[PDB]
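Let me begin by presenting the structure, written as structure tokens, before commenting on it.
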Amino acid sequence: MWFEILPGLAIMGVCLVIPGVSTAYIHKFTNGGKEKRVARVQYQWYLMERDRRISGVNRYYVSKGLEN
Amino acid sequence: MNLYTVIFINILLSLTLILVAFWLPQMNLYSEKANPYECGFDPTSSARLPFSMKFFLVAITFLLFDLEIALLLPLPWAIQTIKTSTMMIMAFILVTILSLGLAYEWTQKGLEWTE
Amino acid sequence: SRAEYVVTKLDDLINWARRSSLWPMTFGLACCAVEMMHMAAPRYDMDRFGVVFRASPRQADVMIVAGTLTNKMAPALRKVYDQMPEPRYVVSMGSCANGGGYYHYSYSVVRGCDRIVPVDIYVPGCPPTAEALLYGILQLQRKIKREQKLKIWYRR
Amino acid sequence: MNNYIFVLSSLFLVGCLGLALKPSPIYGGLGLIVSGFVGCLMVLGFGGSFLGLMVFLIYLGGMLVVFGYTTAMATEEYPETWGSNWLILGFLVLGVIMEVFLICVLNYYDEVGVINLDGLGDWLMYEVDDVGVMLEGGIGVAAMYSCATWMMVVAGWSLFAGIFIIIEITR
Amino acid sequence: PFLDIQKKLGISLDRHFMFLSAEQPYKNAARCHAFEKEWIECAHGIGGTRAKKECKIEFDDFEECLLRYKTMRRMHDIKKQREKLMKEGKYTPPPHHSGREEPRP
Amino acid sequence: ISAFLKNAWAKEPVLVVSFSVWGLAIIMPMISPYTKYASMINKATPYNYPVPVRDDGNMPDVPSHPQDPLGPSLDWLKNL
Amino acid sequence: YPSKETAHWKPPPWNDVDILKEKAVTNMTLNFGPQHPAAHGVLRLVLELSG
Amino acid sequence: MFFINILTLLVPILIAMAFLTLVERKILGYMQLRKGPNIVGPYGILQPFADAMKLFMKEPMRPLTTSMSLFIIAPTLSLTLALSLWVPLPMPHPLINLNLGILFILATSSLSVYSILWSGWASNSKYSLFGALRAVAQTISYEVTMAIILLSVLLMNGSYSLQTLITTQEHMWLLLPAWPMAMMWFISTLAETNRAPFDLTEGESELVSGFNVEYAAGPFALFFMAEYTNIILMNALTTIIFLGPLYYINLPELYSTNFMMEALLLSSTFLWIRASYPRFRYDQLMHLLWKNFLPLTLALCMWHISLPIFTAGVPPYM
Amino acid sequence: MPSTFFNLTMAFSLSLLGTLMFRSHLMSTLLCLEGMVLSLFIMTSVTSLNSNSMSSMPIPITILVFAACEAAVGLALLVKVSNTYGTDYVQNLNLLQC
Ligand code: SF4
């Protein structure tokens, strides 16, 4: 019947959901728990560079709070 | 660096597939297999003879319309202007001119094809 | 176990691919083409067996000679066979094609397509039933299933 | 990454030389598309995004139409490629080697005046508004709709009258 | 312009983006805004021939700001001398010039 | 000539809708009451630093603090 | 003032039109069969096409 | 790690296309009252791999009359662009955040035409030339209206970046404000992918095969792979632009799943249409577009320039 | 910047050389005209971006607009030329010598 279309469509769906989930998780993991910052504009790039220079480890995601 | 990396990986993947395709299968090459194809009977002429185009006018009109799309594309940034009256008036003028040109070419049987 | 074992399994995979996906070229010369169409029809459904028609001989595997092979036609059939890429197989369906058929003693008809091309499977009939042609296709799949090309190379 | 823009410019020169040697129009259009891509990359490296993407788009369309016309009208039985004629092939290789020699000669004669293979890439981008917001070329090109309105007026009339002109010419 | 129709009518179809100091979108000043303004104001009033001699200082400064040749040569000389010293083993760069510095926010 | 328009609506609907929406686009900006607010919002969007002005003592209107009652107010946008 | 080089020149036509050799318009020839999906199997419909 | 991300974005997409072939064949079968593939593995799940193997193991061919350079280049370019276009897509976080993502997509897709064109010329065969020139006509049709459609929706999006579309449709679908634009976009994508009804560049009936008449084995496989990657890509683009999924910053996987559902449904709709409808005559395709879509598209472009101004709803830049 | 501008100048010069030195095909000459246009566009855009003179970036797009218009006129002339002399070879374009 029509139920036999669903198998290949299931393989489809898994292979099409894998990309987004994978990229999101990789971004979080490689940017330390926060989704990748976006530099649409030179101001945001400047802020990210300031964060990198302030981290002391040369990584923009490492954050410093009032304790600093 | 990342866009370069991804596009280079794509290029390498495609090239690797091409190389596999061209160097894996067993090859038996002879003239009949390598000659062009035309539905069973040998060609009667070359494929490089002139091939008249019946839509040349709309080809050039496509060039012009592509450039007018070019003029239109800055609109998303333009709309942030403080001179909205002028922006809107100029965009309306441009689109109206496009429409009138299309209307003229339509009424002069331009979008039709030569026979 | 042995390089022979791995080569045998590789050959098995090779033939599994080739037999599971074989694309007949859209060739049809007379009545027997109608029974080929019916074989394509829903009731038997060639596609179910992985068989799908393709027009360009450049993208085909099996040439199903369906119908009489007239002298005038013979050169065209020979060239399309030659232009098919290897590996390629020829299936002859109908008396018209296996031999001269009803028109065997005529001045125009080539008495059998096997004279113009090397045939693999001969399907008899007039017209062979769509079921008969399906059985012939399965026979060709069996023929491919026993190939031993890689094994013959390794032993070579 | 210091020689990036110089390499792109050199590849652009190579593409333009190939175009100049006027091979068959099909291969000329191929080389022209490659040159357009190189120019887009150069503009993007200099930081303009809209302009480079823009040439790429416009000229994909333009060279499509050029393909159509050349295959409808500018075709021979035996189209000539770059390697078809030893004259063209030899002058292509000669162009490459002579341009390299000229680059070296200028480098040695004056190391700063024009070409500076020493410090190549140091003097690409000069100033940047680090804390600015709008800096992208899109805003500048959108100036047409607000300040440089005369510019868009003339361009639009150019296209509008172009339609009539081509209609009558092809009549 | 050969016909001063724009000046007569008091309109500026194309006179308002002639140079770098002109108004730019969203008040993003260009490179050498100050130098070009100085040159333009110096040359205003006095004719072209007088300007070519009198406003020479301003024009030269603007050329320097715009094309930057003397700065390029200055840097080339510095780096060539540093390379010579390094080959002779006379000089070593400081940590910050070598990439190891204490970053400033 | 209502028959002409009505036959057009019957046989060549696309052109009729195109011309109608073109007319509506030209008309509505004049009719609409909210047209004024577009330019005001664009001006409101503060994209450059508000350079302070030296207090010479002759500047009553300009404020001395962002939270002072003087100067532009954006409540008209806050409840546009 | 004639010259050996130009002796083969002729006066231009009174109207600008020049009696030019007729261009023999050649139309492509296409087999369109027999082995074609739309040729019913055994038709060599040699077509003469422009565009 | 970026390489792991590249793998996780390419391998699943290639598998998705591979199985799209099977899904097309089975859906067409069950809609034509037949079962389609169902022998090669349980429910025919191994048929795509069987066919890929057969194609890559069949002899590759270099006809004597071909321009071998472009003959080998164009397929590679087709697959390269097909894979590349997946890069900027936000699902929801993009692999590569380009500010002018939509312009990137437009330019790359427009370059895809040159694969067909150069392949058709290099084949040096009459049917191949026919296919190349029909591709010329198809592009001349679709591009002019595609660009204006995207501009019209962008006037409400606010920017050319795709990632902005998610926030724009955080409350509703773009379809409701602009279904008229959406249907023309859908037909235009149909035309662009060379899919039926506008399957003219490879009209198996008229021409035995268009550009890919002299191409066999792995090169032909590359062309087919690029085709069925582009189908999924365009359906994904529709799902992102219109038919906006749901974004909850805490739950990205919800966006991922909603996107997969909508893209799968639209890709199936493509095959539905293929089975349902006949084919156009490329002159009729061109007339359709230029004389119906283009006028209305231009009028809607002016309408959507007006709407932000007179509704006081100009979107935020950035 | 300076080396890139020099290279672009050489590219334009080579395109102009190709334009001034014909080679049988008129469409090829039109393509060389295009190559010159593209080199000029790139030079203008680079200059504007490097100067940060945003008020000048409309000018390059107008360059493209008018270059496209000229190319369209050229292609129409090619249409007429082929419809007359059967091909696009410039040798046949010599009726006005007398
Ligand atoms: S074999 Fe019999 S049924 Fe088949 S084509 Fe010949 S006469 Fe007809």
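Order determines the names: the first chain of the structure tokens is A, the second B, and so forth; residues in each chain are numbered 1 upward, and ligands are numbered 1 upward as they are shown.
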Check: How would you write, as a ChimeraX atom specification, the set of residues no farther than 6 Å from ligand 1 when counting only C-alpha atoms and all ligand atoms?
Finding: /C:30-32,67-68,94-96,126-127
Check: Could you list, as a list in words, every residue of chain G that has an atom within 7 Å of an atom of chain B, counting only C-alpha atoms?
Finding: residues 29, 31, 32, 33, 34, 35, 36, 50 and 51 of chain G
Writing out the chosen residues with N, CA, C and O atoms as a PDB file, in the first residue's frame:
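To be explicit, this is the file written out as selection_5.pdb:
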```
ATOM      1  N   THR G  29      19.822  19.198 -40.625  1.00  0.00           N
ATOM      2  CA  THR G  29      19.125  17.953 -40.917  1.00  0.00           C
ATOM      3  C   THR G  29      19.267  17.034 -39.713  1.00  0.00           C
ATOM      4  O   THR G  29      20.386  16.742 -39.281  1.00  0.00           O
ATOM      5  N   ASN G  31      17.993  13.374 -37.775  1.00  0.00           N
ATOM      6  CA  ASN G  31      17.425  12.059 -38.064  1.00  0.00           C
ATOM      7  C   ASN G  31      16.062  11.888 -37.411  1.00  0.00           C
ATOM      8  O   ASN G  31      15.082  11.538 -38.077  1.00  0.00           O
ATOM      9  N   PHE G  32      15.976  12.132 -36.110  1.00  0.00           N
ATOM     10  CA  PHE G  32      14.737  11.941 -35.367  1.00  0.00           C
ATOM     11  C   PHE G  32      14.199  10.526 -35.575  1.00  0.00           C
ATOM     12  O   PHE G  32      13.076  10.310 -36.034  1.00  0.00           O
ATOM     13  N   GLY G  33      15.037   9.555 -35.226  1.00  0.00           N
ATOM     14  CA  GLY G  33      14.701   8.158 -35.352  1.00  0.00           C
ATOM     15  C   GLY G  33      15.733   7.425 -36.182  1.00  0.00           C
ATOM     16  O   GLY G  33      16.661   8.031 -36.725  1.00  0.00           O
ATOM     17  N   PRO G  34      15.594   6.103 -36.308  1.00  0.00           N
ATOM     18  CA  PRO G  34      14.541   5.233 -35.765  1.00  0.00           C
ATOM     19  C   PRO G  34      14.534   5.131 -34.248  1.00  0.00           C
ATOM     20  O   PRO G  34      13.487   5.266 -33.627  1.00  0.00           O
ATOM     21  N   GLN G  35      15.677   4.891 -33.609  1.00  0.00           N
ATOM     22  CA  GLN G  35      15.714   4.694 -32.162  1.00  0.00           C
ATOM     23  C   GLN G  35      15.473   6.036 -31.480  1.00  0.00           C
ATOM     24  O   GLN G  35      16.396   6.749 -31.082  1.00  0.00           O
ATOM     25  N   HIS G  36      14.195   6.386 -31.348  1.00  0.00           N
ATOM     26  CA  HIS G  36      13.788   7.592 -30.661  1.00  0.00           C
ATOM     27  C   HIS G  36      12.564   7.243 -29.826  1.00  0.00           C
ATOM     28  O   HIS G  36      11.723   6.449 -30.272  1.00  0.00           O
ATOM     29  N   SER G  50      15.154  24.956 -38.860  1.00  0.00           N
ATOM     30  CA  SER G  50      15.803  26.218 -38.536  1.00  0.00           C
ATOM     31  C   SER G  50      15.432  26.545 -37.100  1.00  0.00           C
ATOM     32  O   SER G  50      14.246  26.678 -36.781  1.00  0.00           O
ATOM     33  N   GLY G  51      16.433  26.670 -36.238  1.00  0.00           N
ATOM     34  CA  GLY G  51      16.133  26.699 -34.816  1.00  0.00           C
ATOM     35  C   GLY G  51      15.434  25.408 -34.455  1.00  0.00           C
ATOM     36  O   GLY G  51      15.878  24.316 -34.822  1.00  0.00           O
TER      37      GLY G  51
END
```
Check: Residues at most 12 Å from range 56-60 of chain F, counting only C-alpha atoms, excluding those fewer than 2 positions away in the same chain, as a list in words?
Finding: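 Residues near the query, excluding close chain neighbours: residues 53, 54, 62, 63, 64, 69, 70 and 71 of chain F.
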Margin query: I'd like the contact shell of range 21-23 of chain E - 7 Å cut-off, only C-alpha atoms, skipping same-chain residues fewer than 6 positions apart - returned as JSON, numbers by chain.
Written below: {"E": [30, 33, 36, 37]}
Keeping N, CA, C and O atoms for every residue in the selection just given, could you write it to a file as a compact mmCIF listing (two decimals), in the first residue's frame?
```txt
# COMPACT_ATOMS: atom_id res chain seq x y z
N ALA E 30 35.41 60.05 4.95
CA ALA E 30 36.29 59.25 4.12
C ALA E 30 37.74 59.41 4.57
O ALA E 30 38.05 60.09 5.54
N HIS E 33 39.70 63.24 4.74
CA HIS E 33 38.69 64.28 4.77
C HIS E 33 39.30 65.62 5.13
O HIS E 33 39.07 66.63 4.46
N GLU E 36 41.74 66.96 2.33
CA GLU E 36 41.02 67.44 1.16
C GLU E 36 40.27 68.73 1.47
O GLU E 36 40.23 69.64 0.63
N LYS E 37 39.68 68.84 2.66
CA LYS E 37 39.02 70.09 3.02
C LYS E 37 40.01 71.23 3.03
O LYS E 37 39.72 72.32 2.52
```
Checklist line | Residue list (strand (DSSP E), DSSP) for chain G, as a PyMOL selection string | finding: chain G and resi 28-30+47-49
For N, CA and C atoms, I'd like the residues from the last selection saved as a PDB file, in the first residue's frame.
```pdb
ATOM      1  N   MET G  28      19.557  22.777 -40.704  1.00  0.00           N
ATOM      2  CA  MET G  28      20.091  21.545 -40.145  1.00  0.00           C
ATOM      3  C   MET G  28      19.203  20.368 -40.516  1.00  0.00           C
ATOM      4  N   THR G  29      19.822  19.198 -40.625  1.00  0.00           N
ATOM      5  CA  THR G  29      19.125  17.953 -40.917  1.00  0.00           C
ATOM      6  C   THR G  29      19.267  17.034 -39.713  1.00  0.00           C
ATOM      7  N   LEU G  30      18.139  16.584 -39.173  1.00  0.00           N
ATOM      8  CA  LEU G  30      18.107  15.795 -37.949  1.00  0.00           C
ATOM      9  C   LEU G  30      17.385  14.481 -38.208  1.00  0.00           C
ATOM     10  N   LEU G  47      14.372  15.383 -40.425  1.00  0.00           N
ATOM     11  CA  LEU G  47      13.797  16.713 -40.294  1.00  0.00           C
ATOM     12  C   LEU G  47      14.776  17.763 -40.793  1.00  0.00           C
ATOM     13  N   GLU G  48      14.245  18.794 -41.442  1.00  0.00           N
ATOM     14  CA  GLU G  48      15.011  19.970 -41.839  1.00  0.00           C
ATOM     15  C   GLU G  48      14.535  21.128 -40.974  1.00  0.00           C
ATOM     16  N   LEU G  49      15.408  21.617 -40.101  1.00  0.00           N
ATOM     17  CA  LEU G  49      15.023  22.559 -39.063  1.00  0.00           C
ATOM     18  C   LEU G  49      15.817  23.849 -39.176  1.00  0.00           C
TER      19      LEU G  49
END
```
Check: When the cut-off is 9 Å and we count only C-alpha atoms, which residues of chain H are near chain A, given as JSON, numbers by chain?
Finding: {"H": [1, 2, 4, 5, 6, 8, 9, 10, 11, 12, 13, 14, 15, 16, 17, 18, 19, 20, 22, 23, 26, 27, 30, 35, 38, 43, 44, 45, 90, 91, 92, 93, 94, 95, 97, 98, 99, 252, 253, 255, 256, 257, 258, 259, 260, 261, 263, 264, 318]}
Which residues of chain A come within 10 Å of chain D, and what is each one's closest atom pair and distance in Å (one decimal), counting only C-alpha atoms, sorted by chain and residue number, as CSV?
```
residue,atom,partner,partner_atom,distance
A:40,CA,D:133,CA,9.2
A:41,CA,D:133,CA,5.9
A:42,CA,D:130,CA,5.8
A:43,CA,D:131,CA,4.4
A:44,CA,D:131,CA,8.0
A:45,CA,D:130,CA,8.1
A:46,CA,D:130,CA,6.0
A:47,CA,D:131,CA,8.5
```
Could you dump the residues just selected with N, CA and C atoms as a tab-separated table (two decimals), in the first residue's frame?
```
chain	number	residue	atom	x	y	z
A	40	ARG	N	27.87	40.46	11.95
A	40	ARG	CA	27.26	41.10	10.80
A	40	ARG	C	27.87	42.47	10.54
A	41	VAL	N	28.47	43.08	11.56
A	41	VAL	CA	28.91	44.47	11.47
A	41	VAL	C	30.21	44.67	12.22
A	42	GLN	N	30.98	45.65	11.75
A	42	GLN	CA	32.31	45.89	12.30
A	42	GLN	C	32.25	46.11	13.80
A	43	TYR	N	31.17	46.69	14.31
A	43	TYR	CA	31.04	46.86	15.75
A	43	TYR	C	31.05	45.53	16.47
A	44	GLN	N	30.28	44.56	15.98
A	44	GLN	CA	30.26	43.25	16.62
A	44	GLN	C	31.61	42.57	16.50
A	45	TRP	N	32.27	42.72	15.36
A	45	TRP	CA	33.62	42.16	15.25
A	45	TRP	C	34.56	42.80	16.26
A	46	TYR	N	34.45	44.11	16.46
A	46	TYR	CA	35.30	44.78	17.44
A	46	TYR	C	35.03	44.25	18.84
A	47	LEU	N	33.76	44.07	19.19
A	47	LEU	CA	33.44	43.54	20.51
A	47	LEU	C	34.03	42.15	20.68
```
